[PDB]
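Cβ coordinates were reconstructed from backbone atoms using ideal geometry, including for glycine residues, and neighbour counts include every protein chain displayed. Nothing in this text is a laboratory measurement; each read-out follows from the coordinates by a stated rule.
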Amino acid sequence: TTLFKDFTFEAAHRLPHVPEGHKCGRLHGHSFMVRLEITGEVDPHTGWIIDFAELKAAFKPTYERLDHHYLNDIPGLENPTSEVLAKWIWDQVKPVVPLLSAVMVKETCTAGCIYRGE
Amino acid sequence: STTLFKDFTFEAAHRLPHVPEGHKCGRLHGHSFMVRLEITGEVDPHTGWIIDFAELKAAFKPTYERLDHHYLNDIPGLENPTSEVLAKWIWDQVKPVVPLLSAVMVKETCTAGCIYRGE
Amino acid sequence: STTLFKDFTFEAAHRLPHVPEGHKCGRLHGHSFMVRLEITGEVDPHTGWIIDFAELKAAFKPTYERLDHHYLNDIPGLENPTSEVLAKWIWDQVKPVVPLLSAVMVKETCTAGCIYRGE
Amino acid sequence: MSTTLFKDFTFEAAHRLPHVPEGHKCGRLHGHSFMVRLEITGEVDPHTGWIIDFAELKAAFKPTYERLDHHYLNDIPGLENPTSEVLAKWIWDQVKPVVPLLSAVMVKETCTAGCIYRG
Amino acid sequence: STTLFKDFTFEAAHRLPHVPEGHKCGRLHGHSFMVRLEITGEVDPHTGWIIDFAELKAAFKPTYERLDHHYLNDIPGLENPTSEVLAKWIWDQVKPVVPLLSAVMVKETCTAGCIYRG
Amino acid sequence: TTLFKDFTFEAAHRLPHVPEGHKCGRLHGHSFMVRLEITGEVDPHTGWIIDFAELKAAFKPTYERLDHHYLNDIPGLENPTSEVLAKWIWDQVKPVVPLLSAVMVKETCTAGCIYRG
Ligand SMILES: [Zn+2]
Ligand SMILES: [Zn+2]
Ligand SMILES: [Zn+2]
Ligand SMILES: [Zn+2]
Ligand SMILES: [Zn+2]
Ligand SMILES: [Zn+2]
């Protein structure tokens, strides 16, 4: 059994290692989506792995740093690609949500990335 | 491998009986639930599919109609109708009539869900 | 003219008391209700908006909390909690605090809803 | 008239709001996947069966689209206060001269928040 | 006023016969069409609605079944099956059976549609 | 680490081997969605597995054959089910994008197929 919860955040970023003309090298932004996936045993009394409210509360500090912010200013996100961001979120969240099994980030509606700790 | 999926939505009430005193989910409420039935297997050389979606619909229909426009807590097995219990419950009803079923996902909201895989 | 809109979703149970005896909507059930609040007015040349989304949210919050994770039929005025009655009821609750309110949309499902404009 | 055609475009951009109080999160540098709906109202041509060709709407909007997409809005003349409202009006002022039948511009900063400008 | 609406999707093929040679829309293709029917009228104080969605569905069903899993150009009146032509045709089929019909919207794609008010 | 990109195309098709009168046997169409998934090592400098634009560029010829077309006329798609289409897309794209790890095709909003080689 796997549980997941989606969050949207509104942020700016730019990619520093792309060619001079490359549109993503310009200052821009996205309505980012991030899905946190957790895997574990469901408790027979509560009937869940954990409460969505506790997941929200555990993610909030990391969420607050991402939302309505410029990502490049955050340590670790100097090259804030989808891939880099997905792993960065794992690194922030995994220590406080041990059951975390994947982080998906969507940069746009049609484009995204899934990281699992590999 | 090849996997096929079909999504269904149903409109239902429920309440969580085993949450702390104030918890909002402990009150009588409801959701537009989404369920995805995932099936895995060999695709037939002639039909070009694993199963006919109409077979899947027909097999799921009795379970679907018990869930849709209903109060889930009245259904035996769903006395604690969390997304996790519900996904397993749907698996337990559907697996016997859809042997190739490989997962059941339920979403209570647009942003929150559960996947169950028979383990 | 310029119109601003903001969507909220709430998770609630309801049942319709005045449908024929077998009607599925007469059963206790629920929805992920979406409400859109429309605001029509002059754009302030300093702020560059008609109203801050954050202020609209703050103004709506009390009404939102009465609806979300609740059973609608127990709320005074929502004894017949159709989309149309709900849209008017929301208007009546919100208009005093949001005088520029120009419409309330309520969607019960992804494919079904109504719009009230104050008449 | 009777018939209104519309076409949606999405662009990825940064902005910040200069005239919000110090704390306000929209005053910080951020961004959105902006959506813009262009609405055209006019007589449907008996021969083509349309009001306008979407290809011509694309080409007429392209120069304005390219200025918005993957850009920082505040650097664009006229968008020093790049609210939804200001943006929708600004788009209207750029596009209306090249698309005379333009009847409305909608911009959504998020999937739940936007506005409509009608001239 | 109060306006009610209901959305349906149908899966159909079409092609546009009066576009220049080579135009992609002149080729045989298809869409997941979406049609919204809007109804405007007084809310009945007993039912608390303008009409039952079931009455609307049943009124539209015959037209829906002509459109769904069909090739539109073979339908009389849809020889030039643009969004605009299709919306008006639907209106012309449905208005006699749904007198309170106030608008028909058709979307060919997620990003493109039209609204007809006869 | 897995990267994905979605594309939509507007196409007609019909299923030739379904029973008499079956709706899917009639000429019809869909707004098809296709998701290309690629799995691989992220480069330490670029910070990606590949540029979305190279993937877009690699799929374009195949995309061009699918979009605003009748699928049955394309060799390999004479029985254009979701399952057949997903495998066909994989066979076109895999040789050009060797890190490709899955292809999902959604025929409708609520129905689709995932193929993994
Ligand atoms: Zn970007
Ligand atoms: Zn619930
Ligand atoms: Zn209901
Ligand atoms: Zn903003
Ligand atoms: Zn078309
Ligand atoms: Zn089909």
Candidates A:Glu54, A:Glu64, filtered to the one that is of a type in the set (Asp, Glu) and more than 14 Å from chain D (Cβ to nearest Cβ) | A:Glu54
Within the stretch D:34-51, can one find any residue that is part of a strand (DSSP E or B) and within 7 Å of another protein chain (Cβ to nearest Cβ)?
-> no
So how many residues does the stretch A:67-79 have that are assigned to a loop (DSSP other than H, G, I, E, B), at the interface with another protein chain (Cβ under 8 Å from one of its Cβ atoms) and surrounded by 18 or more Cβ atoms within 10 Å (Cβ to Cβ)?
-> 3
Among what's in the stretch C:63-85 and is in contact (Cβ under 8 Å) with a residue 24 or more places away in the chain and more than 18 Å from B:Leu28 (Cα to Cα), pick the residue that is surrounded by the most Cβ atoms within 10 Å (Cβ to Cβ).
-> C:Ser83
Of the residues in the stretch E:7-27 that are at negative phi, part of a loop (DSSP other than H, G, I, E, B) and without any contact (Cβ under 8 Å) to a residue 24 or more places away in the chain, the one that is nearest to ligand 2 (Cβ to nearest atom) is E:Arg27
Among residues of the stretch D:79-110, those that are of a type outside the set (A, V, I, L, M) and out of contact with any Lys or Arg (no Cβ under 9 Å at 6 or more places or on another chain), counted = 12
Only one residue in C:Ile115, C:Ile51, C:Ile90 is β-branched (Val, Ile, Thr) and over 15 Å from the mean Cα position of the chain (by Cα), so which one is that?
-> C:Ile51
For the stretch A:85-99, the count of residues that are within 12 Å of the chain's Cα centre (by Cα) and farther than 16 Å from A:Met33 by Cβ equals 4
Count of residues meeting criterion [polar (S, T, N, Q) and touching a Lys or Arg at 6+ places or on another chain (Cβ under 7 Å)] in the stretch C:50-86 | 1
Starting from residues that are of a type outside the set (S, T, N, Q) and touching an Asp or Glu at 6+ places or on another chain (Cβ under 8 Å), keep the ones in the stretch F:96-106 and report whichever is surrounded by the fewest Cβ atoms within 10 Å (Cβ to Cβ).
-> F:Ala102
Before we move on, is C:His23 buried (at least 20 other Cβ atoms within 10 Å of the Cβ) and either within 16 Å of ligand 5 (Cβ to nearest atom) or within 14 Å of chain B (Cβ to nearest Cβ) (or both)?
-> no
Residue in the stretch F:104-117 that is nearest to ligand 1 (Cβ to nearest atom), counting only those that are farther than 18 Å from F:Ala11 by Cα and within 10 Å of the chain's Cα centre (by Cα) = F:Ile114
Can you give me the number of residues within the stretch E:1-48 that are out of contact with any helix residue (DSSP H, G or I) (no Cβ under 9 Å at 6 or more places or on another chain), small (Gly, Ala, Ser) and more than 16 Å from ligand 6 (Cβ to nearest atom)?
-> 4
Report yes if C:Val106 is within 15 Å of the chain's Cα centre (by Cα), β-branched (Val, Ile, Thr) and either within 14 Å of chain B (Cβ to nearest Cβ) or surrounded by fewer than 18 Cβ atoms within 10 Å (Cβ to Cβ) (or both), otherwise no.
-> yes
Within the stretch F:94-116, restricting to residues that are more than 8 Å from chain B (Cβ to nearest Cβ) and among the β-branched types (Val, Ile, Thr), the one that is nearest to B:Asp7 (Cα to Cα) is F:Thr108
